[PDB]
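**Student:** Going line by line, the protein sequences match chains B and A. With PDB author numbering applied, the first sequence covers 5 to 28, 38 to 113, 119 to 148, 153 to 207, 226 to 348, 358 to 472, 480 to 571, 600 to 726. With PDB author numbering applied, the second sequence covers 5 to 28, 38 to 113, 119 to 207, 226 to 472, 480 to 571, 600 to 726. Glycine included, every Cβ here is placed at the ideal spot set by N, Cα and C. Below is the structure I would like to discuss, written out as structure tokens.
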Amino acid sequence: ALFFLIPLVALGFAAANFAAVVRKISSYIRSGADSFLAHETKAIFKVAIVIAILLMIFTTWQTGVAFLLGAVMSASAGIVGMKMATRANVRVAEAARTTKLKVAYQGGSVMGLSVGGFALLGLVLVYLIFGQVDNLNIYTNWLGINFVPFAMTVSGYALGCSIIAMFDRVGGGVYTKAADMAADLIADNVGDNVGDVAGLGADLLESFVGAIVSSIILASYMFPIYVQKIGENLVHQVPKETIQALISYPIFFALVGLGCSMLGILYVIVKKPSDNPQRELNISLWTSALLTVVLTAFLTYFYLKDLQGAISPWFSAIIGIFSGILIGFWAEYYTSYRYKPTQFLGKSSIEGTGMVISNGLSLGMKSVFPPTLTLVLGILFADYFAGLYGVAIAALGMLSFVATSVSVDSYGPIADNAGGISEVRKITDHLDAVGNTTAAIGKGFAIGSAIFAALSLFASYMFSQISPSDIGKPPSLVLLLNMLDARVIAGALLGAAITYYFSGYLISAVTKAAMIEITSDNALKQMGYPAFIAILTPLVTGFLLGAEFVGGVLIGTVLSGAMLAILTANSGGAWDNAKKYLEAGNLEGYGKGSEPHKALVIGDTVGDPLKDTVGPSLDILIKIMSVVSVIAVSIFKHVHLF
Amino acid sequence: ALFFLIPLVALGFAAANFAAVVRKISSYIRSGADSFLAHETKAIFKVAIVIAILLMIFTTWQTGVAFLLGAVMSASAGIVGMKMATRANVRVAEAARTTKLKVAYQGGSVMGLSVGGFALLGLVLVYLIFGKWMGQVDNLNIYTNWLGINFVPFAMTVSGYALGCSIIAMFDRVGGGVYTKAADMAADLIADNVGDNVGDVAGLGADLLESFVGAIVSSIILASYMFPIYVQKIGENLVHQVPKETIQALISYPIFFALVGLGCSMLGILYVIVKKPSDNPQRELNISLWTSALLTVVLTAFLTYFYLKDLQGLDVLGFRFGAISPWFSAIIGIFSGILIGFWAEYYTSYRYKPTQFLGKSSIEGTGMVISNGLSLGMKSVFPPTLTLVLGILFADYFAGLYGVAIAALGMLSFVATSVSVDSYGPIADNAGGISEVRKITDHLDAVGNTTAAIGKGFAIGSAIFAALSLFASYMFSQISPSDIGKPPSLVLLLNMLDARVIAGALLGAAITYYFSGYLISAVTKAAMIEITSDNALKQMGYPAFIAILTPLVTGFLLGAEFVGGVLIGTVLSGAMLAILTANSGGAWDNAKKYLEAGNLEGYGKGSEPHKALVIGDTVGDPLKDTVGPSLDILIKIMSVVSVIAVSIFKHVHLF
Ligand SMILES: [K+]
Ligand SMILES: [K+]
Ligand SMILES: [Mg+2]
Ligand SMILES: [Mg+2]
Ligand SMILES: [Mg+2]
Ligand SMILES: [Mg+2]
Ligand SMILES: [Mg+2]
Ligand SMILES: [Mg+2]
Ligand SMILES: [Mg+2]
Ligand SMILES: [Mg+2]
């Protein structure tokens, strides 16, 4: 029971860290937020109820309620983190004076702690409140969706969080980068929080919950899959207990996690103070992960000790953790002037706007390989030491310290805004540089986790066809999406193309809308397209062509989004800090007019729509499209047309 | 036999069209060419012999020789097309004076006709001398090589040939495409006017040669394979459920088809050209193309019936409707292809929308030209993909995997005109650089940039359509001696849920973004004749290694499931990216031209509006003329290498 009250503590904790801080005429920003949020919430209102009724009508109301649980939960989490981000933010210029810092990071930390507390309050609710883990045969609902009691329930929850986040980003990411563009051409200072706090935070909430939900669905499934069949009895070769312990474990694991991170957060703010905030963020991160690996290993033994080895998914969490951390490092590497990507680009500023662009492209494109490689090497090990389930738990390891990742992330625009506000500027610009890096690190973890998560959720997808009319065949006959089949290839091409389209549209959206209520109303009103594209595609294409084709689309979608999130994040990422870098002069005889500053400006402005809107949008698409397909293939495995 | 002397005629024909034309101090450019070609040929020399000995040692010398046949063949084709491109080119300024055109297109047409004649002379040779004399289409069983590669007699031979053409095309591109766009940058910061031929004539030309032959070789490998796959296993004898005569007709058919093709195109070139001349060259090129395609559809239909009329087991092959089947495939691929061309035009020419909108955003601040250009090309990727998505299925529904390869050929059963129109562009374009009358010349330039983008577009499409046949063959080629029983359906089963394949796919995608980043950087380093040529070649290995050893490195590390993955990632990403760069590269140049032509009131090639478009053309140049098209090459050469070496690493992988 203690474990079940653990998530509750994080939240009293969220409320406490801002308060000790908030007690620390630039209010201006808070008004911006309410307006967009007003308009946004109303569209959200309109939509969430409706999706809920839909799920309730078409799948199994338990799931629709859980779905609402997720909508209230994520909206709320984001809202709290926003009051903080928008208060440390103000309170930073004033930290920044007496100091010739605690503020920026504590504000960022409020959204992250709130994110953990809420997401888990909600999930614990879904777990307790939703005999589906008792039943876990293979129920075949009021229509013909033959749904998973529990899988279906938490899938509903995860879809809820993912969808409201995507909306928050594709509108807010849009309001924001549309704003940055507009500003360097005011609007922007609000943009920094809408964009890299609320939106980025929502993206991460989504990957995290998605990976955990996938762990849950899989357990909820070794059951119909492994059943014996020696001479026409069904013998459950995997007995219920093992499955139940394996279901509850990622939950228990996730509880063990956030806890490790909460210490990191309470530790660094109140910790005796440093003078360099990059090392803090990375150390805190590192710490949360060591701490988490060990205790997680205990949790794993005892809470899985004798099921019928034990520790295995703990190795999965570890492989994922170290992979995740490496990917963070890679993101820092590619985004911070101080090492290589930005410095070269930056100095090339002096050679003619063209070079900043072409080199920024080369930089992000090449920069794409190492995080993917970590993931390639990362998947295999996550995967070798455990079943499919070990991969999903691994996604979780990448994200096992989400509280600190998100804290550090929200630090950026929060620190970043602190910068814009004085214009003292040096302290402020450092804060800004780090915003751009730490938001790029964050993006990097969530993309990694999107891929690691995506393979369990995809496996779950082929698995979901395990209709009543299956419950015989070997697992090895059912988990077999064949790539040589033309439907899968066509599917893949279409999904990939869907991904490039989705990005181009999101780009175009940024520029149209860019050139509070005008663009907020416009962003939302003008928001349906990405959500339709993202969501109905499995449905449209699925209902058109069946399980092989949606399996394909999902594959293309995942591959492309994986590559592109990173391109935009890192390269879009380097350009801001390249601009800052030259703005700080650093090139001798160069400093804020002149052909190079102008060129770096062009880099930051080019980067801004890609990194803060497109890539991260792909983060979301590759999940929400898969979850939708996992559910609707219930219908289109059988019901496809041709 | 008539058919076997058909390819020969195209070539006497190549030599004739330039001559009637060439008889039509700006020589300057010819010197540029020799220098790069000198340096290039020497590195090529060094490498081709070596790859040949390698293949001969490790696979089956028949293949290594065939491979050399392809190296001499493609080098040569490209060289001839180059003397022409570089003579019509000069002879265009002078067409361009008296006309206040026949030149630009006839020059472009020389390389294309040479491409067809050579590629097919070579292939006919490989078919007769390797397919027939050495009986590889006769033995056709599954021979197992002095080492342990269990090679396909014929598949292996022609696979070698395809690899040869692919490799040398890639080399011609990754250096020359680099010299040329490195040059374009350097120029708008002279050198560039030479760049235009090196880049969009020879390089683009070699890309298309590669896609074309790759598609045909794949048709041949598959036929040369329904036999071991489809044997029965009835109560333990092997009964060739697909008999020799079927396979053999199905093998010869793409060849016979290709012969019927190119023939259809040659008519197109002589026809548009010799009409009393028109006034708009876009409508011509697209018409000529269009015509070659009507013609090809029909006659190919006859060819298909009689030369396939009674095969039997064409069903099992995947031929849902007998004899005519691959003709429907060729048709499907053709119309998909033509649409993809149209889409390319659509997205690249000021006059419609992608470039028009981009161009006018020039007045809003260079940032915008760049953003809108990314949006334009990125969105612009879909219709050509969707045409392919819808296109694969129909190519594929009406015929087996073989029908798909024949479909790739259909997208490309009209390459001669494609290559004519492509080569027209830099040739017309140079005509443009020269005089500087500029309006007459600039039009030719606009068209160079579009037609190079259409060309690119067909070749990328065909690369995907082709890629599924060559990939199928890949899973099939593991069909070791220890198989020759199980259902085809148990062997054509690359599993995506296997973590190895996913890691593979991600690795291939990642290898491809990397490949692109390196070629981009190469363009700027080298950009800022001999200096950059030597530098391009010397400094050229990296992409070829990456492209080629990856199946080998990764394959030998992780096995068939992983290289299958890498190949998948690589195909998917390169497909998307070739289009991004091509269509953008396509839009920005013509957006620049467009504003340069003024067309915005109160702007006359001055200020931010022209400056901004300049930035767009210069951004586009490295992407479209070097990166995308490079991906065109990578997605093939990496697959062919894997198809061959999986001979070893299906068994020999490490972990
Ligand atoms: K950022
Ligand atoms: K072009
Ligand atoms: Mg700015
Ligand atoms: Mg900012
Ligand atoms: Mg600012
Ligand atoms: Mg920025
Ligand atoms: Mg130029
Ligand atoms: Mg030129
Ligand atoms: Mg040119
Ligand atoms: Mg150009």
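Pull up the DSSP beta-bridge partners for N538/A, would you.
**Tutor:** DSSP output for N538/A lists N538/B as bridge partner(s).
**Student:** Across which residues does DSSP place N233/B in a beta bridge pair?
**Tutor:** For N233/B, which the question treats as bridged, DSSP gives no partner whatsoever.
**Student:** Indicate whether the contact test is met: 3 or more Cβ pairs, each with one atom in the segment 396-404 of chain A and one in the segment 427-439 of chain A, closer than 8 Å.
**Tutor:** Not touching, per the Cβ criterion.
**Student:** Would DSSP call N273/A helix, strand or coil?
**Tutor:** The answer is strand: DSSP assigns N273/A an E or B state.
**Student:** Give, in chain order, every residue of the segment 397-410 of chain A whose Cβ lies closer than 9 Å to some Cβ of chain B.
**Tutor:** Cβ contacts with chain B: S397, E400, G401, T402, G403, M404, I406, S407, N408, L410.
**Student:** Between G491/B and ligand 4, is the CB less than 7 Å from at least one heavy atom?
**Tutor:** For ligand 4, at least one heavy atom lies less than 7 Å from the Cβ of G491/B.
**Student:** Within its chain, find whatever has a CB closer than 7 Å to the CB of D488/B; leave out the 5 residues flanking it on each side and keep chain order.
**Tutor:** Cβ neighbours of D488/B beyond the five flanking positions: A464, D465, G468, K664.
**Student:** Say yes only if the C-beta of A205/B is nearer than 7 Å to one or more non-hydrogen atoms of ligand 3, and no if none qualify.
**Tutor:** Yes, since a heavy atom of ligand 3 falls inside the 7 Å radius drawn around the Cβ of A205/B.
**Student:** Using C-beta distances below 8 Å, list every residue in its chain close to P531/B, excluding the 5 sequence neighbours before and after it, in chain order.
**Tutor:** Once the five neighbours on either side are set aside, the close Cβ partners of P531/B are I265, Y266.
**Student:** Given the structure, does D696/A come close to ligand 2, in the sense that its CB is under 7 Å from one of the ligand's heavy atoms?
**Tutor:** Answer for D696/A: yes, Cβ within range of ligand 2.
**Student:** Once you ignore the five residues that flank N661/A on each side, which residues in its own chain have a CB closer than 7 Å to its CB?
**Tutor:** Taken in chain order, the residues that qualify are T384, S385, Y386, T391, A489, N492, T493.
**Student:** How would you list, in chain order, the residues of chain B whose beta-carbon sits under 8 Å from the beta-carbon of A646/A?
**Tutor:** Correct list: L549, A552.
**Student:** Sorted by chain position, which residues of the same chain lie with C-beta nearer than 8 Å to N538/A's C-beta, five sequence neighbours on each side aside?
**Tutor:** Counting only Cβ-Cβ distances below 8 Å, and skipping sequence neighbours, we find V544, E632.
**Student:** Can you determine whether any heavy atom of ligand 6 sits closer than 7 Å to the C-beta of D228/A, and answer yes or no?
**Tutor:** No, the Cβ of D228/A stays beyond 7 Å of every heavy atom of ligand 6.
**Student:** Sorry if obvious, but does the Cβ on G468/B come closer than 7 Å to a heavy atom of ligand 5?
**Tutor:** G468/B: yes, Cβ under 7 Å from ligand 5.
**Student:** So, residue 731/B versus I160/B, is the Cβ gap smaller than 8 Å?
**Tutor:** Residue 731/B falls outside the range modelled here, since chain B spans only 5 to 726, and no answer is possible.
**Student:** Alpha carbon to alpha carbon, what distance is there between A515/A and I66/A?
**Tutor:** Going from the Cα of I66/A to the Cα of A515/A covers about 28 Å.
**Student:** Per DSSP, what kind of secondary structure is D156/B in: helix, strand or coil?
**Tutor:** Reduced to three states, the DSSP call for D156/B is helix.
**Student:** Going along the chain, which residues of its own chain have a beta-carbon closer than 6 Å to the beta-carbon of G182/A, five neighbours each way excluded?
**Tutor:** Closer than 6 Å at Cβ, skipping near neighbours: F80, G83, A84.
**Student:** Is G500/A near ligand 2 - that is, is its Cβ less than 7 Å away from at least one heavy atom of it?
**Tutor:** Because no heavy atom of ligand 2 lies under 7 Å away, the Cβ of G500/A does not count as near it: no.
**Student:** Name the residue from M129/A, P279/A, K707/A whose alpha carbon lies nearest to the alpha carbon of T99/A.
**Tutor:** If we check each option's Cα against that of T99/A, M129/A comes out closest.
**Student:** Pull up the CB-CB distance for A653/A and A509/A, whole angstroms please, since I reckon it's below 8 Å.
**Tutor:** That pair is no contact at about 17 Å.
**Student:** Extract the residue ranges of the alpha helix (DSSP H) inside the segment 661-697 of chain A, only unbroken runs of 4 or more that lie entirely within it.
**Tutor:** Runs found: 678-693.
**Student:** Please list, in chain order, the residues of the segment 427-448 of chain A that have any C-beta partner in chain B closer than 7 Å.
**Tutor:** Per Cβ criterion, the list reads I428, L429, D432.
**Student:** When you compare the segment 697-714 of chain B with the segment 666-673 of chain B, are there three or more beta-carbon pairs, one atom per stretch, that lie closer than 8 Å?
**Tutor:** No, because fewer than three Cβ pairs between the segment 697-714 of chain B and the segment 666-673 of chain B fall closer than 8 Å, the two stretches do not touch.
**Student:** Hey, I185/B and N102/B: beta-carbon distance below 8 Å or not?
**Tutor:** Contact flag unset, no.
**Student:** Taking only heavy atoms of ligand 4 into account, decide whether any of them is closer than 7 Å to the Cβ of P462/B.
**Tutor:** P462/B: yes, Cβ under 7 Å from ligand 4.
**Student:** Under 7 Å: does the beta carbon of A495/B sit that close to some heavy atom of ligand 1?
**Tutor:** Yes; taking the cut-off as 7 Å, the Cβ of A495/B has a heavy atom of ligand 1 nearer than that.
**Student:** Using 7 Å as the cut-off, classify the Cβ of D605/A as near or not near the heavy atoms of ligand 3, replying yes or no.
**Tutor:** The answer is no for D605/A.
**Student:** My assumption, with CB atoms under 8 Å, is that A441/B sits in contact with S255/B. Please give the rounded CB distance.
**Tutor:** Contact holds; Cβ gap of about 4 Å.
**Student:** When you check each C-beta in the segment 674-697 of chain B against every C-beta of chain A, which residues fall closer than 7 Å?
**Tutor:** Cβ contacts with chain A come from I686, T689, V690, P693.
**Student:** For the alpha helix (DSSP H) that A496/B lies in, which residues bound it at each end?
**Tutor:** That run of the alpha helix (DSSP H) goes 481-519.
**Student:** Roughly how far, in whole angstroms, is the beta-carbon of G77/B from the beta-carbon of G178/B, given that I think they are within contact range, below 8 Å?
**Tutor:** The pair is a contact, with the Cβ atoms about 6 Å apart (cut-off 8 Å).
**Student:** State the start and end residues of the unbroken alpha helix (DSSP H) segment that holds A19/B.
**Tutor:** Run containing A19/B: 6-26, per the alpha helix (DSSP H) assignment.
**Student:** Applying the 10 Å Cβ sphere with the 16-neighbour rule, what's the burial state of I602/B?
**Tutor:** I602/B is exposed by the Cβ-count criterion.
**Student:** Answer with yes or no whether the minimum CB distance from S559/A to chain B is below 8 Å.
**Tutor:** Output row for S559/A: interface = yes.
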